[PDB]
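What follows is a set of notes on a single structure, which appears directly below.
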There are 2 protein chains.
Amino acid sequence: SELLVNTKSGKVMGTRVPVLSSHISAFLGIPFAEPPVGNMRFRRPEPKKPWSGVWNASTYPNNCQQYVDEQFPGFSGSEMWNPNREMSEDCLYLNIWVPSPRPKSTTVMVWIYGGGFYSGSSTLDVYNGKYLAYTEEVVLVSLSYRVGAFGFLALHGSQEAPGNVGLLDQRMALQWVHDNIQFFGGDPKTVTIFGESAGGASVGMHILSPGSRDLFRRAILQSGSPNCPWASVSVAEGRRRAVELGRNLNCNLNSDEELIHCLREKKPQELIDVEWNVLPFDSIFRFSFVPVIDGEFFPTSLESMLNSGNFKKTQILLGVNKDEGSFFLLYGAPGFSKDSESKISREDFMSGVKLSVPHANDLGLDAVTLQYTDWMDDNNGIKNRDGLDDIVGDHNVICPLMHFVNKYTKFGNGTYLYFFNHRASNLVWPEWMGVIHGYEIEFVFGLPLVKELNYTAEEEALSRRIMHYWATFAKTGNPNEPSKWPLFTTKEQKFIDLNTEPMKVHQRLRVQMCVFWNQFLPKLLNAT
Amino acid sequence: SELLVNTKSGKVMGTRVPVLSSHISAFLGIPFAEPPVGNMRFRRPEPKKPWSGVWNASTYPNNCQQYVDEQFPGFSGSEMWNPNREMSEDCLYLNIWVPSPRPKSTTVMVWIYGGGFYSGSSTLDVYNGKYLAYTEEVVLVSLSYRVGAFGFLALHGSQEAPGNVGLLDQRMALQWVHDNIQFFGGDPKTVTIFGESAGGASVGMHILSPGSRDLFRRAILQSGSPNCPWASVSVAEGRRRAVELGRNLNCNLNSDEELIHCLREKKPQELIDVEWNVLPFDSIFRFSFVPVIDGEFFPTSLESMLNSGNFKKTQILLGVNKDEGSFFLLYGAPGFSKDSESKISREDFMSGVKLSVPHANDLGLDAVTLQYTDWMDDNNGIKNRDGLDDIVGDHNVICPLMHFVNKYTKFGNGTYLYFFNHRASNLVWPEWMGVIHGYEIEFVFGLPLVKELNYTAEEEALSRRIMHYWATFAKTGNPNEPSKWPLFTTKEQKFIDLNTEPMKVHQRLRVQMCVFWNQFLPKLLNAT
Ligand SMILES: O=c1ccc2c([nH]1)CCC[C@@H]2NCCCCCCCCCCCCN[C@H]1CCCc2[nH]c(=O)ccc21
Ligand SMILES: O=c1ccc2c([nH]1)CCC[C@@H]2NCCCCCCCCCCCCN[C@H]1CCCc2[nH]c(=O)ccc21
Ligand SMILES: *[C@@H]1O[C@H](CO)[C@@H](O)[C@H](O)[C@H]1NC(C)=O
Ligand SMILES: *[C@@H]1O[C@H](CO)[C@@H](O)[C@H](O)[C@H]1NC(C)=O
Ligand SMILES: *[C@H]1O[C@H](CO)[C@@H](O)[C@H](O)[C@H]1NC(C)=O
Ligand SMILES: *[C@H]1O[C@H](CO)[C@@H](O)[C@H](O)[C@H]1NC(C)=O
């Protein structure tokens with residue numbers, strides 16, 4: 001039977017699912033690691049022990065334990081990112097969508113979720129892989145990994161909570177896909193890993209990490225890169241936040257063993273309830289437990305690895321959205337709110353810049369303010385709101401990604417860059433937020449092809465172009481079928497806009513502001 | 001007789017001169033101080049001893065000893081600023097143009113020349129006061145003062161060469177106008193001092209200095225202000241440059257008395273020949289001997305005097321030209337030349353910025369470069385040439401003047417601001433230089449009214465509007481006759497363009513760049 005597949009871990013039984021009035025197979029909730037529960041909390045993952053009998057893979061797995069957004073109860077805009085399954089520390093599973101009839105050797109795409117390393121589920125409705133697997137004929141895999149303290153609490157030196165285990169969870173799922181995807185009709189030599197936000201940073205982290213490089217072929221990064229300022233911390237800061245988490249839960253702090261034992265006895269929700277208390281600064285776009293530059297998963301600093309070409313050399317396709325920062329300002333800066341146009345006074349602009357560049361002295365804050373203020377009209381509430389939106393997006397997503405692409409391209413085998421700036425006709429978020437962080441995902445996953453969702457015909461057409469670009473790139477290393485999306489090169493630095501208008505090619509994506517964030521501001525903070 | 005006037009210093013006999021097919025009287029070369037020769041070189045001026053008999057004032061006086069531009073032998077563009085009379089240390093004289101018939105009590109305008117405190121003559125053809133005195137019916141006075149080492153060598157503490165004597169020369173001529181102008185038909189209670197470049201800085205210096213304030217009524221500053229970075233030095237730097245001048249002429253350096261005696265024995269040209277050797281840095285728009293913040297002519301720092309309102313409170317009319325920096329780049333920065341379009345490579349742009357902000361560390365130079373570079377087109381030779389032109393002009397003239405006007409307006413009785421951007425149809429300098437430092441002077445002095453000079457009819461019309469604005473302001477404290485030039489206010493910050501097109505009013509003259517030069521860059525250089 002088509003729904004029965006034999007893997008090196010055992011037999012798995014899928015389920016048939018309808019898609020655009022046709023059908024494909026889905027294998028949901030396949031375990032790839034042992035449950036990281038009890039004394040395994042915080043430890044590296046262990047491979048799932050093989051089972052006899054048939055694993056029922058007809059239903060979505062539990063989501064990992066994480067913070068749940070309840071800022072707008074019932075609002076679809078926020079709730080579409082929340083876990084939609086019961087949460088459990090027993091959550092290391094992957095999902096596979098397989099074209100019907102079962103392919104023999106087809107391109108594989110593996111999706112990595114990415115809510116800032118503190119949230120995410122492989123089961124969200126915007127991540128339903130059937131539309132993409134069906135439309136582009138690819139085997140689509142979505143994996144999972146521990147987030148928050150469970151995936152990134154880091155006490156370097158300890159083997160009990162070494163840090164980066166959530167990245168080791170992703171790697172284990174990639175090891176499993178590499179070792180078993182052929183039985184599902186996927187080509188193990190043509191696997192593309194792709195992810196958005198923390199998922200985009202994760203993808204870049206597997207490109208960098210020696211131990212992950214051989215498990216995949218190509219990569220796609222959406223609004224995220226490994227060098228993002230929020231994507232990693234030193235082992236000293238990781239240690240400091242682990243100790244502070246311990247202090248918040250009245251743990252004995254005399255030894256790593258003492259701290260970890262105490263943290264292992266707390267119910268999951270006790271850890272999540274105090275997670276945001278360990279940030280070192282009053283800030284925005286900063287998360288508590290994230291990857292650590294440990295000397296193992298990352299052999300040296302990200303920047304020296306990037307400079308010396310110490311990374312997998314292959315093709316990459318990546319890009320950003322027009323208003324990456326709005327989501328974070330709404331949720332964490334004074335003067336912004338969901339139901340108003342959020343016109344910001346000079347005063348709120350300045351407290352917003354301080355929140356956005358937490359690691360800055362007064363001189364650095366003045367440099368940012370001067371750079372984004374129109375001095376002939378400094379009390380313009382709209383310009384203040386938008387300038388702050390650009391500050392958050394440029395500093396946290398765009399300029400770090402531009403620095404990664406320029407460094408990568410020097411040694412890689414082909415780079416395609418995009419700038420997504422289409423505001424969906426049916427967005428439920430306010431107008432001032434623009435093209436929000438995360439809202440290109442629905443186009444990548446094909447949601448506009450389902451009429452009940454209410455997109456315009458031109459949006460369905462953009463979704464089809466995007467899915468075909470992502471799949472053709474996954475399959476060949478070039479998004480174009482043999483109107484051209486040009487290669488990004490060190491000399492020309494070309495990229496394309498991705499929207500409902502005829503393709504336009506441009507050069508040097510936000511160079512002006514990115515020289516400020518990647519070259520001047522850091523020199524400034526280092527001198528002072 | 002109309003050409004005979006009795007003053008407190010003695011009888012003076014003028015000469016009748018033709019002007020626009022009419023005639024007026026001129027009294028040229030009236031002495032106002034004793035010749036500052038021999039043991040008087042470097043000393044404060046002494047009032048001219050009265051004489052019996054008639055002083056023949058029918059011919060222009062000698063010009064003070066100064067550097068002579070010979071970069072373009074015979075070129076009118078440069079030679080029009082060079083002394084056109086024999087040079088002599090015996091040069092403290094003033095010139096007066098008096099309407100015919102002799103007025104009884106009319107508005108007086110006193111012109112202060114201004115070639116960077118190192119050059120200037122009251123006798124230049126562009127300073128011929130007959131057109132203005134005739135057309136606007138004012139008594140026009142041009143004074144003179146020692147420039148270079150002769151006027152500003154400063155060894156604070158010594159009474160032999162105290163510094164600022166060139167400013168004391170100007171003040172003595174103002175004392176003489178105040179005491180004697182009534183005999184020429186001028187109103188001593190309505191005297192306006194006006195000057196360009198160092199002359200504009202000098203005018204602001206008499207507004208600041210307690211000892212000069214009571215000698216005049218109102219003020220006009222053209223492309224120059226007291227707080228300009230090149231307009232003054234501390235007593236420690238003045239002392240250092242005096243000692244270095246001594247060292248260049250193999251002087252005994254053991255005591256001030258020894259140094260001064262040696263310097264007094266050198267012929268004038270020996271001092272001028274090594275003048276440029278004492279600058280402390282490789283630089284542009286920096287002059288060797290300039291006013292010193294001494295605690296006497298200036299009681300405290302210029303900035304605290306400005307902040308506390310320690311200055312004459314009256315009306316002022318002032319402004320700048322569109323391309324103040326080109327003159328200096330032509331003469332002192334690599335890649336610029338008179339007969340080419342001077343397209344500047346990135347390399348020359350960067351060595352030009354280093355020359356323009358001599359007092360800057362690497363971080364400060366990076367801040368300037370980032371501010372004036374268009375990163376999407378950094379190899380554009382035209383943008384590089386023009387960005388450097390704006391850097392020199394903004395830093396040396398425009399932003400210092402904007403800072404002076406905002407501070408002054410808080411305590412003054414009326415401010416009128418202009419931005420002169422008309423490129424004369426007959427300019428002999430190349431196109432790339434634009435509206436050059438000093439080229440509004442010919443319009444202020446009415447040269448476009450003389451047909452043989454070849455200006456267009458609309459230029460003659462602009463000249464008439466400008467002369468009438470300057471004279472009406474001198475007479476009433478408002479350039480407008482009772483199309484309006486609005487008052488510059490702390491809140492609105494209005495100014496007008498001055499050119500051949502219908503008047504346009506704007507706000508916040510170069511605010512964007514001036515926040516960089518007046519607030520950010522200094523904070524930057526101070527922190528580092
Ligand atoms: O797989 C996933 C799962 C979720 C998401 C995706 N992907 C991609 C699109 C985005 C989506 N949400 C993440 C971002 C969703 C928007 C950004 C929200 C940040 C988390 C706020 C939680 C409350 C903490 N309140 C304050 C105090 C602590 C510091 C702080 N910092 C701030 O940046 C904002 C608020 C606060
Ligand atoms: O009364 C006057 C008399 C003259 C002038 C006015 N007014 C108003 C208009 C302008 C006119 N010329 C002054 C500026 C005329 C243009 C500016 C020229 C500056 C002096 C250069 C002399 C040579 C010294 N050569 C180098 C080495 C020393 C440092 C250095 N620094 C530089 O800024 C340029 C060159 C050099
Ligand atoms: C990719 O690599 C192949 C062989 O290693 C080479 O022929 C090709 O030019 C490369 N393409 C790019 C864009 O570097
Ligand atoms: C100037 O001063 C007079 C009297 O001191 C006052 O009535 C007038 O308003 C002032 N004008 C300005 C522009 O300050
Ligand atoms: C497996 O799970 C689904 C849902 O819980 C159930 O409907 C299905 O019949 C089960 N199949 C077997 C044979 O376990
Ligand atoms: C004074 O000087 C001028 C020129 O040197 C001369 O022509 C004129 O006649 C002289 N007048 C007297 C009486 O000194």
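In the structure tokens, each chain is lettered A, B, ... as it comes, each chain's residues begin at 1, and ligands are numbered from 1 in order of appearance.
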
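With only C-alpha atoms taken into account, the protein and nucleic acid residues at most 8 Å from residue B:245 (excluding it and anything under 6 positions from it in its own chain) are residues 271, 274, 275, 277 and 278 of chain B.
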
Quick one: residues within 7 Å of ligand 2, with only C-alpha atoms and all ligand atoms, as a ChimeraX atom specification? /B:69,81-82,113-116,119-121,196-197,276,282-286,327-329,331-332,437-439

Could you name the residues that touch stretch 469-474 of chain A at 10 Å or less, counting only C-alpha atoms, but leaving out those on the same chain fewer than 3 positions away, as an MDAnalysis selection string? chainID A and resid 107:109 132:133 135:138 190:194 217:220 315:318 416 444 463:466 477:482 485

Surrounding residues of residue B:291 excluding itself and chain neighbours under 4 positions, 9 Å, only C-alpha atoms, as a ChimeraX atom specification: /B:117,151-154,163-167,231-234,238

Please, could you write that set of residues out with N, CA, C and O atoms as an mmCIF file, in the first residue's frame?
```cif
data_model
loop_
_atom_site.group_PDB
_atom_site.id
_atom_site.type_symbol
_atom_site.label_atom_id
_atom_site.label_comp_id
_atom_site.auth_asym_id
_atom_site.auth_seq_id
_atom_site.Cartn_x
_atom_site.Cartn_y
_atom_site.Cartn_z
ATOM 1 N N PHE B 117 41.427 86.626 7.314
ATOM 2 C CA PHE B 117 42.300 87.321 8.253
ATOM 3 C C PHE B 117 43.775 87.398 7.774
ATOM 4 O O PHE B 117 44.629 87.988 8.484
ATOM 5 N N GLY B 151 48.667 91.553 11.943
ATOM 6 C CA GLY B 151 47.453 91.880 12.674
ATOM 7 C C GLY B 151 47.055 90.886 13.760
ATOM 8 O O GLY B 151 46.293 91.215 14.661
ATOM 9 N N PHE B 152 47.584 89.672 13.700
ATOM 10 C CA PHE B 152 47.144 88.670 14.636
ATOM 11 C C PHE B 152 48.185 87.790 15.353
ATOM 12 O O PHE B 152 47.831 86.848 16.069
ATOM 13 N N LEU B 153 49.467 88.086 15.172
ATOM 14 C CA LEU B 153 50.496 87.322 15.876
ATOM 15 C C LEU B 153 50.082 87.499 17.345
ATOM 16 O O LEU B 153 49.843 88.622 17.789
ATOM 17 N N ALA B 154 49.976 86.403 18.092
ATOM 18 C CA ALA B 154 49.519 86.499 19.464
ATOM 19 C C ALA B 154 50.386 85.801 20.524
ATOM 20 O O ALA B 154 50.459 84.560 20.560
ATOM 21 N N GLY B 163 47.985 90.104 20.461
ATOM 22 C CA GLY B 163 46.983 89.417 19.662
ATOM 23 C C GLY B 163 45.791 90.376 19.454
ATOM 24 O O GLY B 163 45.674 91.406 20.149
ATOM 25 N N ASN B 164 44.958 90.069 18.454
ATOM 26 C CA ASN B 164 43.775 90.824 18.125
ATOM 27 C C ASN B 164 43.980 92.282 17.691
ATOM 28 O O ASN B 164 42.997 93.023 17.590
ATOM 29 N N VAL B 165 45.210 92.701 17.401
ATOM 30 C CA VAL B 165 45.356 94.108 17.081
ATOM 31 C C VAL B 165 44.651 94.491 15.764
ATOM 32 O O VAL B 165 44.170 95.643 15.622
ATOM 33 N N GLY B 166 44.532 93.527 14.838
ATOM 34 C CA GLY B 166 43.795 93.783 13.609
ATOM 35 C C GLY B 166 42.331 94.051 13.968
ATOM 36 O O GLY B 166 41.677 94.854 13.306
ATOM 37 N N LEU B 167 41.803 93.385 15.001
ATOM 38 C CA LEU B 167 40.417 93.655 15.407
ATOM 39 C C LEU B 167 40.387 95.052 16.075
ATOM 40 O O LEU B 167 39.395 95.782 15.904
ATOM 41 N N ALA B 231 38.064 81.000 12.331
ATOM 42 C CA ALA B 231 38.050 82.391 12.779
ATOM 43 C C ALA B 231 38.748 82.750 14.086
ATOM 44 O O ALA B 231 38.918 83.913 14.361
ATOM 45 N N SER B 232 39.078 81.770 14.921
ATOM 46 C CA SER B 232 39.771 82.069 16.147
ATOM 47 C C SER B 232 40.568 80.868 16.668
ATOM 48 O O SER B 232 40.339 79.739 16.241
ATOM 49 N N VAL B 233 41.552 81.128 17.531
ATOM 50 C CA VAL B 233 42.358 80.060 18.169
ATOM 51 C C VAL B 233 42.491 80.396 19.669
ATOM 52 O O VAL B 233 42.241 81.546 20.075
ATOM 53 N N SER B 234 42.856 79.417 20.486
ATOM 54 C CA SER B 234 43.029 79.658 21.911
ATOM 55 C C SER B 234 44.336 80.431 22.038
ATOM 56 O O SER B 234 45.099 80.479 21.076
ATOM 57 N N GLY B 238 47.762 80.213 19.631
ATOM 58 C CA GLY B 238 48.322 81.450 19.089
ATOM 59 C C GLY B 238 49.791 81.541 19.456
ATOM 60 O O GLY B 238 50.642 81.809 18.620
#
```

Enumerate residues in contact with ligand 3: an atom-to-atom distance of at most 7 Å, counting only C-alpha atoms and all ligand atoms. Format the result as a PyMOL selection string. chain A and resi 412-414

Can you work out which residues from chain A touch chain B at a cut-off of 7 Å (counting only C-alpha atoms) and hand them back as a list in words?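 Listing them in order of chain and number gives residues 363, 375, 376, 508, 511, 512, 524, 527 and 528 of chain A.
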
What do you get as a ChimeraX atom specification if you pick all residues at most 10 Å from ligand 5, counting only C-alpha atoms and all ligand atoms? /A:13-15,54-60

So which one's closest to residue B:156, B:235, B:112, B:208, B:172? Using only C-alpha atoms, please. B:235

For ligand 4, which residue out of B:411, B:445, B:429, B:289 is the nearest one, using only C-alpha atoms and all ligand atoms? B:411

Give me the stretch 95-180 of chain A side of the contact with stretch 88-91 of chain A, cut-off 12 Å, one line per residue showing its nearest atom pair and distance in Å at one decimal, counting only C-alpha atoms, sorted by chain and residue number, as a Markdown table.
```
| residue | atom | partner | partner_atom | distance |
| --- | --- | --- | --- | --- |
| A:95 | CA | A:91 | CA | 11.9 |
| A:120 | CA | A:91 | CA | 11.6 |
| A:121 | CA | A:91 | CA | 9.5 |
| A:122 | CA | A:91 | CA | 10.1 |
| A:123 | CA | A:91 | CA | 11.4 |
| A:143 | CA | A:91 | CA | 10.2 |
| A:144 | CA | A:91 | CA | 7.4 |
| A:145 | CA | A:91 | CA | 7.6 |
| A:146 | CA | A:91 | CA | 7.7 |
| A:147 | CA | A:89 | CA | 10.1 |
| A:148 | CA | A:89 | CA | 11.5 |
| A:149 | CA | A:89 | CA | 11.5 |
| A:150 | CA | A:89 | CA | 8.2 |
| A:151 | CA | A:89 | CA | 10.3 |
| A:166 | CA | A:91 | CA | 11.5 |
| A:169 | CA | A:91 | CA | 10.4 |
```

Quick check for you: according to DSSP on this backbone, which residues of stretch 37-217 of chain B are classed as helix (DSSP H, G or I)? Reply as an MDAnalysis selection string. chainID B and resid 38:40 76:79 125:127 130:136 148:152 165:184 198:208 210:213

Can you write out the residues you just picked, keeping C-alpha atoms, as a PDB file, in the first residue's frame?
```pdb
ATOM      1  CA  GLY B  38      58.981  99.782  13.470  1.00  0.00           C
ATOM      2  CA  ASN B  39      58.595  99.136  17.194  1.00  0.00           C
ATOM      3  CA  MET B  40      54.817  99.441  16.688  1.00  0.00           C
ATOM      4  CA  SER B  76      40.762  87.995 -13.427  1.00  0.00           C
ATOM      5  CA  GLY B  77      38.959  85.537 -11.110  1.00  0.00           C
ATOM      6  CA  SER B  78      41.881  85.395  -8.660  1.00  0.00           C
ATOM      7  CA  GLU B  79      43.501  88.770  -9.305  1.00  0.00           C
ATOM      8  CA  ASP B 125      37.417  97.149  -7.803  1.00  0.00           C
ATOM      9  CA  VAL B 126      34.598  94.878  -6.438  1.00  0.00           C
ATOM     10  CA  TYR B 127      34.586  97.114  -3.319  1.00  0.00           C
ATOM     11  CA  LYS B 130      30.216 104.698  -5.354  1.00  0.00           C
ATOM     12  CA  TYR B 131      27.427 102.557  -6.846  1.00  0.00           C
ATOM     13  CA  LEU B 132      25.888 101.740  -3.518  1.00  0.00           C
ATOM     14  CA  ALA B 133      26.401 105.169  -1.963  1.00  0.00           C
ATOM     15  CA  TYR B 134      24.878 106.750  -5.055  1.00  0.00           C
ATOM     16  CA  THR B 135      21.977 104.378  -5.672  1.00  0.00           C
ATOM     17  CA  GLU B 136      20.761 104.023  -2.088  1.00  0.00           C
ATOM     18  CA  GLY B 148      48.405  88.003   8.825  1.00  0.00           C
ATOM     19  CA  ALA B 149      51.159  88.017  11.458  1.00  0.00           C
ATOM     20  CA  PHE B 150      51.024  91.856  11.415  1.00  0.00           C
ATOM     21  CA  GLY B 151      47.453  91.880  12.674  1.00  0.00           C
ATOM     22  CA  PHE B 152      47.144  88.670  14.636  1.00  0.00           C
ATOM     23  CA  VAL B 165      45.356  94.108  17.081  1.00  0.00           C
ATOM     24  CA  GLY B 166      43.795  93.783  13.609  1.00  0.00           C
ATOM     25  CA  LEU B 167      40.417  93.655  15.407  1.00  0.00           C
ATOM     26  CA  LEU B 168      41.527  96.758  17.460  1.00  0.00           C
ATOM     27  CA  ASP B 169      42.401  98.433  14.056  1.00  0.00           C
ATOM     28  CA  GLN B 170      38.757  97.829  12.923  1.00  0.00           C
ATOM     29  CA  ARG B 171      37.440  99.084  16.198  1.00  0.00           C
ATOM     30  CA  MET B 172      39.598 102.297  15.918  1.00  0.00           C
ATOM     31  CA  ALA B 173      38.164 102.977  12.453  1.00  0.00           C
ATOM     32  CA  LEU B 174      34.651 102.414  13.949  1.00  0.00           C
ATOM     33  CA  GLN B 175      35.572 104.837  16.773  1.00  0.00           C
ATOM     34  CA  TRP B 176      36.635 107.363  14.138  1.00  0.00           C
ATOM     35  CA  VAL B 177      33.417 106.937  12.073  1.00  0.00           C
ATOM     36  CA  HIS B 178      31.314 107.318  15.217  1.00  0.00           C
ATOM     37  CA  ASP B 179      33.225 110.471  16.215  1.00  0.00           C
ATOM     38  CA  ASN B 180      33.457 112.123  12.752  1.00  0.00           C
ATOM     39  CA  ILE B 181      30.969 110.751  10.240  1.00  0.00           C
ATOM     40  CA  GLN B 182      28.400 113.510  11.130  1.00  0.00           C
ATOM     41  CA  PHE B 183      30.688 116.066   9.422  1.00  0.00           C
ATOM     42  CA  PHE B 184      30.336 114.078   6.179  1.00  0.00           C
ATOM     43  CA  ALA B 198      36.543  86.990   7.728  1.00  0.00           C
ATOM     44  CA  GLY B 199      34.698  90.313   7.505  1.00  0.00           C
ATOM     45  CA  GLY B 200      31.453  88.590   8.420  1.00  0.00           C
ATOM     46  CA  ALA B 201      33.238  86.866  11.323  1.00  0.00           C
ATOM     47  CA  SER B 202      34.711  90.285  12.371  1.00  0.00           C
ATOM     48  CA  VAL B 203      31.202  91.871  12.338  1.00  0.00           C
ATOM     49  CA  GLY B 204      30.004  89.107  14.679  1.00  0.00           C
ATOM     50  CA  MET B 205      33.086  89.683  16.818  1.00  0.00           C
ATOM     51  CA  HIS B 206      32.162  93.375  17.372  1.00  0.00           C
ATOM     52  CA  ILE B 207      28.620  92.296  18.198  1.00  0.00           C
ATOM     53  CA  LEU B 208      30.166  90.045  20.887  1.00  0.00           C
ATOM     54  CA  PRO B 210      31.776  94.681  24.956  1.00  0.00           C
ATOM     55  CA  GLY B 211      34.316  97.256  23.853  1.00  0.00           C
ATOM     56  CA  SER B 212      32.958  97.528  20.326  1.00  0.00           C
ATOM     57  CA  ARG B 213      29.206  97.301  20.874  1.00  0.00           C
TER      58      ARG B 213
END
```

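The smallest atom-to-atom distance between residue A:385 and any of A:432, A:129, A:424, A:339, using only C-alpha atoms, is found for A:432.
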
Could you give me the residues within stretch 90-304 of chain A that DSSP places in strand (DSSP E or B), as a count of residues only? 39

Report as a PyMOL selection string all protein, DNA and RNA residues lying within 8 Å of residue A:396, evaluated on only C-alpha atoms, omitting residues in the same chain fewer than 2 positions from it. chain A and resi 228-230+285+325+392-394+398-400

For residue B:343, please output as a ChimeraX atom specification all residues within 12 Å (counting only C-alpha atoms; exclusion window: fewer than 2 positions along the same chain). /B:330,334-341,345-349,379-389,432-433

Output N, CA and C atoms for every residue in that selection, as a short mmCIF file (atom, residue, chain, number, x, y, z; two decimals), in the first residue's frame.
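Result written to result00.cif:
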```cif
data_model
loop_
_atom_site.label_atom_id
_atom_site.label_comp_id
_atom_site.auth_asym_id
_atom_site.auth_seq_id
_atom_site.Cartn_x
_atom_site.Cartn_y
_atom_site.Cartn_z
N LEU B 330 39.60 73.93 -4.80
CA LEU B 330 40.38 74.22 -6.01
C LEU B 330 41.85 74.46 -5.65
N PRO B 334 43.75 67.62 -3.50
CA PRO B 334 44.14 66.86 -4.71
C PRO B 334 42.94 66.43 -5.57
N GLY B 335 43.13 66.52 -6.89
CA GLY B 335 42.09 66.15 -7.84
C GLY B 335 41.27 67.31 -8.40
N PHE B 336 41.37 68.48 -7.77
CA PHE B 336 40.63 69.65 -8.23
C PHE B 336 41.56 70.55 -9.05
N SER B 337 41.06 71.11 -10.14
CA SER B 337 41.88 72.04 -10.90
C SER B 337 40.98 73.01 -11.64
N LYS B 338 41.52 74.18 -11.98
CA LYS B 338 40.69 75.19 -12.59
C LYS B 338 40.10 74.85 -13.95
N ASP B 339 40.90 74.21 -14.81
CA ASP B 339 40.44 73.90 -16.15
C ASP B 339 39.84 72.52 -16.45
N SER B 340 39.44 71.78 -15.44
CA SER B 340 38.79 70.51 -15.71
C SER B 340 37.51 70.51 -14.87
N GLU B 341 36.64 69.55 -15.13
CA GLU B 341 35.43 69.45 -14.39
C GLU B 341 35.70 68.90 -12.98
N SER B 345 37.78 60.96 -7.61
CA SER B 345 37.74 59.52 -7.35
C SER B 345 37.44 59.34 -5.85
N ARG B 346 37.06 58.13 -5.43
CA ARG B 346 36.77 57.83 -4.01
C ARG B 346 37.99 58.14 -3.18
N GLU B 347 39.14 57.84 -3.75
CA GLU B 347 40.40 58.03 -3.08
C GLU B 347 40.62 59.53 -2.80
N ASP B 348 40.42 60.37 -3.81
CA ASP B 348 40.59 61.79 -3.57
C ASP B 348 39.49 62.33 -2.65
N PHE B 349 38.34 61.70 -2.65
CA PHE B 349 37.26 62.16 -1.79
C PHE B 349 37.72 62.00 -0.36
N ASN B 379 31.29 55.66 -6.82
CA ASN B 379 32.37 55.99 -7.74
C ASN B 379 32.01 57.10 -8.69
N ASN B 380 30.86 57.73 -8.45
CA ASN B 380 30.40 58.86 -9.27
C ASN B 380 31.32 60.07 -8.94
N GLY B 381 32.15 60.45 -9.92
CA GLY B 381 33.08 61.55 -9.79
C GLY B 381 32.41 62.89 -9.51
N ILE B 382 31.25 63.13 -10.12
CA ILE B 382 30.49 64.36 -9.91
C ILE B 382 29.93 64.43 -8.47
N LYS B 383 29.36 63.33 -7.99
CA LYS B 383 28.80 63.28 -6.64
C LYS B 383 29.91 63.40 -5.62
N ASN B 384 31.07 62.84 -5.93
CA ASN B 384 32.18 62.94 -5.01
C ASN B 384 32.69 64.40 -4.93
N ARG B 385 32.83 65.04 -6.09
CA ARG B 385 33.29 66.42 -6.15
C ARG B 385 32.27 67.28 -5.38
N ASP B 386 30.99 67.18 -5.72
CA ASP B 386 29.98 67.99 -5.05
C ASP B 386 29.80 67.70 -3.52
N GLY B 387 29.93 66.44 -3.12
CA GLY B 387 29.78 66.09 -1.71
C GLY B 387 30.90 66.73 -0.90
N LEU B 388 32.08 66.76 -1.48
CA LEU B 388 33.24 67.37 -0.83
C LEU B 388 33.03 68.90 -0.78
N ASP B 389 32.49 69.46 -1.86
CA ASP B 389 32.19 70.88 -1.90
C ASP B 389 31.21 71.19 -0.71
N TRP B 432 31.93 73.85 -12.38
CA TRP B 432 31.87 72.98 -11.21
C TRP B 432 31.92 73.73 -9.87
N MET B 433 32.46 74.95 -9.88
CA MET B 433 32.56 75.72 -8.63
C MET B 433 31.26 76.31 -8.15
#
```

Have a look at B:448, B:185, B:486, B:74 and name the one nearest to ligand 4; count only C-alpha atoms and all ligand atoms.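 Ranking B:448, B:185, B:486, B:74 by distance to ligand 4, first place goes to B:486.
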
Between A:442, A:492, A:431, A:46, smallest distance to ligand 1 by only C-alpha atoms and all ligand atoms belongs to A:442

Hey, can you check how far atom CA of residue B:64 sits from atom CA of residue B:401?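 It comes out at 27.8 Å.
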